[PDB]
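Student: Please find one structure pasted underneath; my questions will follow.
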Amino acid sequence: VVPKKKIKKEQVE
Amino acid sequence: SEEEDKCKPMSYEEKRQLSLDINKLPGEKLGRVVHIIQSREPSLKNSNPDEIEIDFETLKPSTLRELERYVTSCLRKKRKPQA
């Protein structure tokens, strides 16, 4: 399972 | 009804890559994925656009292919969009 993407602001890499 | 066949199913390896290409999107551009997701997935409309949880398991192939193709406009057409 692909881990749920935690998008809590500033997640850009 | 063709929309269901026109869209190709996103596999596990792909949803991973997707979650990684989404992770490449800068804060402003990644608000679109939240938006595509929230809009195409009205079941998660309760989630805030700056606090979204992209659930690639609940995301329909349509959204996933959109998210993926969307990032590619920013990623595979521009190196490091946050630079």
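By order in the structure tokens, chains are A, B, ...; within a chain, residues start at 1; ligands start at 1, following the order shown.
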If you run DSSP over the backbone, which residues in chain B end up helix (DSSP H, G or I)? Put them as a ChimeraX atom specification.
Tutor: /B:3-6,12-22,27-40,42-44,61-75
Student: Name all residues at most 9 Å from residue 2 (chain A) (count only C-alpha atoms; drop same-chain ones fewer than 2 positions away) and give them as an MDAnalysis selection string.
Tutor: (chainID A and resid 4:5) or (chainID B and resid 12:13 15:16 19 55:57)
Student: Please compute the CA of residue 27 (chain B)-CA of residue 10 (chain A) distance, one decimal, in Å.
Tutor: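 CA of residue 10 (chain A) lies at a distance of 5.8 Å from CA of residue 27 (chain B).
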Student: List the neighbours of residue 72 (chain B) out to 12 Å using only C-alpha atoms; skip same-chain residues closer than 6 positions along the sequence, and give me the result as a ChimeraX atom specification.
Tutor: /B:17-18,20-25,29,33,65-66,78-81
Student: I need the chosen residues saved as a PDB file, in the first residue's frame, with N, CA and C atoms.
Tutor:
ATOM      1  N   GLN B  17       5.276   6.354  -7.488  1.00  0.00           N
ATOM      2  CA  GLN B  17       5.937   7.367  -8.303  1.00  0.00           C
ATOM      3  C   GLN B  17       5.137   8.662  -8.283  1.00  0.00           C
ATOM      4  N   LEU B  18       3.828   8.510  -8.373  1.00  0.00           N
ATOM      5  CA  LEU B  18       2.886   9.621  -8.316  1.00  0.00           C
ATOM      6  C   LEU B  18       3.048  10.391  -7.007  1.00  0.00           C
ATOM      7  N   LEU B  20       5.466  10.545  -5.276  1.00  0.00           N
ATOM      8  CA  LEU B  20       6.805  11.101  -5.283  1.00  0.00           C
ATOM      9  C   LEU B  20       6.888  12.310  -6.220  1.00  0.00           C
ATOM     10  N   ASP B  21       6.133  12.275  -7.314  1.00  0.00           N
ATOM     11  CA  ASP B  21       6.068  13.406  -8.241  1.00  0.00           C
ATOM     12  C   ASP B  21       5.200  14.528  -7.668  1.00  0.00           C
ATOM     13  N   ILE B  22       4.181  14.159  -6.909  1.00  0.00           N
ATOM     14  CA  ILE B  22       3.404  15.125  -6.148  1.00  0.00           C
ATOM     15  C   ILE B  22       4.274  15.799  -5.098  1.00  0.00           C
ATOM     16  N   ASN B  23       5.177  15.024  -4.521  1.00  0.00           N
ATOM     17  CA  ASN B  23       6.073  15.523  -3.496  1.00  0.00           C
ATOM     18  C   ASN B  23       7.092  16.495  -4.101  1.00  0.00           C
ATOM     19  N   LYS B  24       7.209  16.462  -5.424  1.00  0.00           N
ATOM     20  CA  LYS B  24       8.103  17.353  -6.151  1.00  0.00           C
ATOM     21  C   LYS B  24       7.461  18.720  -6.380  1.00  0.00           C
ATOM     22  N   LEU B  25       6.136  18.763  -6.322  1.00  0.00           N
ATOM     23  CA  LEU B  25       5.393  19.992  -6.583  1.00  0.00           C
ATOM     24  C   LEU B  25       5.570  21.017  -5.467  1.00  0.00           C
ATOM     25  N   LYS B  29       1.864  25.006  -6.491  1.00  0.00           N
ATOM     26  CA  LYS B  29       1.445  24.079  -7.538  1.00  0.00           C
ATOM     27  C   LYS B  29       0.789  22.840  -6.936  1.00  0.00           C
ATOM     28  N   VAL B  33      -3.151  19.760  -6.847  1.00  0.00           N
ATOM     29  CA  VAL B  33      -3.423  18.339  -6.626  1.00  0.00           C
ATOM     30  C   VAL B  33      -4.486  18.168  -5.560  1.00  0.00           C
ATOM     31  N   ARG B  65      -4.304   9.778 -12.673  1.00  0.00           N
ATOM     32  CA  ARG B  65      -3.716  10.068 -13.974  1.00  0.00           C
ATOM     33  C   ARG B  65      -3.640  11.571 -14.203  1.00  0.00           C
ATOM     34  N   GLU B  66      -4.585  12.301 -13.623  1.00  0.00           N
ATOM     35  CA  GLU B  66      -4.579  13.752 -13.686  1.00  0.00           C
ATOM     36  C   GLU B  66      -3.450  14.312 -12.824  1.00  0.00           C
ATOM     37  N   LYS B  78       9.983  21.119 -16.500  1.00  0.00           N
ATOM     38  CA  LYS B  78      10.761  22.110 -15.773  1.00  0.00           C
ATOM     39  C   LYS B  78      11.523  21.435 -14.639  1.00  0.00           C
ATOM     40  N   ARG B  79      12.834  21.601 -14.611  1.00  0.00           N
ATOM     41  CA  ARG B  79      13.637  20.983 -13.568  1.00  0.00           C
ATOM     42  C   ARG B  79      13.599  21.827 -12.292  1.00  0.00           C
ATOM     43  N   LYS B  80      13.235  21.184 -11.181  1.00  0.00           N
ATOM     44  CA  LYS B  80      13.192  21.825  -9.864  1.00  0.00           C
ATOM     45  C   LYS B  80      12.371  23.122  -9.890  1.00  0.00           C
ATOM     46  N   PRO B  81      11.034  23.008  -9.847  1.00  0.00           N
ATOM     47  CA  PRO B  81      10.130  24.167  -9.934  1.00  0.00           C
ATOM     48  C   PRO B  81      10.100  25.015  -8.662  1.00  0.00           C
TER      49      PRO B  81
END
Student: Could you tell me which of B:67, B:75, B:10, B:52 comes closest to chain A if we count only C-alpha atoms?
Tutor: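 Going through B:67, B:75, B:10, B:52 one by one, the smallest distance to chain A is for B:52.
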Student: Give me, please, the distance in Å between CA of residue 9 (chain B) and CA of residue 59 (chain B), quoted to one decimal.
Tutor: 11.0 Å
Student: List the spatial neighbours of region 36-50 of chain B as a PyMOL selection string - criterion: any atom at most 7 Å away, only C-alpha atoms, same-chain residues fewer than 5 positions off excluded.
Tutor: (chain A and resi 8-9) or (chain B and resi 31+59+63)
Student: Those residues you just picked out, can you put them in a file as an mmCIF file, in the first residue's frame with C-alpha atoms?
Tutor:
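Contents of the output file out_30.cif:
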data_model
loop_
_atom_site.group_PDB
_atom_site.id
_atom_site.type_symbol
_atom_site.label_atom_id
_atom_site.label_comp_id
_atom_site.auth_asym_id
_atom_site.auth_seq_id
_atom_site.Cartn_x
_atom_site.Cartn_y
_atom_site.Cartn_z
ATOM 1 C CA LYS A 8 0.536 19.819 5.773
ATOM 2 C CA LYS A 9 2.053 22.814 3.933
ATOM 3 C CA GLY B 31 -2.502 23.132 -4.045
ATOM 4 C CA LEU B 59 -8.202 8.497 -5.602
ATOM 5 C CA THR B 63 -7.653 11.736 -10.536
#
Student: Go through B:53, B:68, B:4, B:14 and flag the residue nearest chain A, using only C-alpha atoms for the distances.
Tutor: B:53
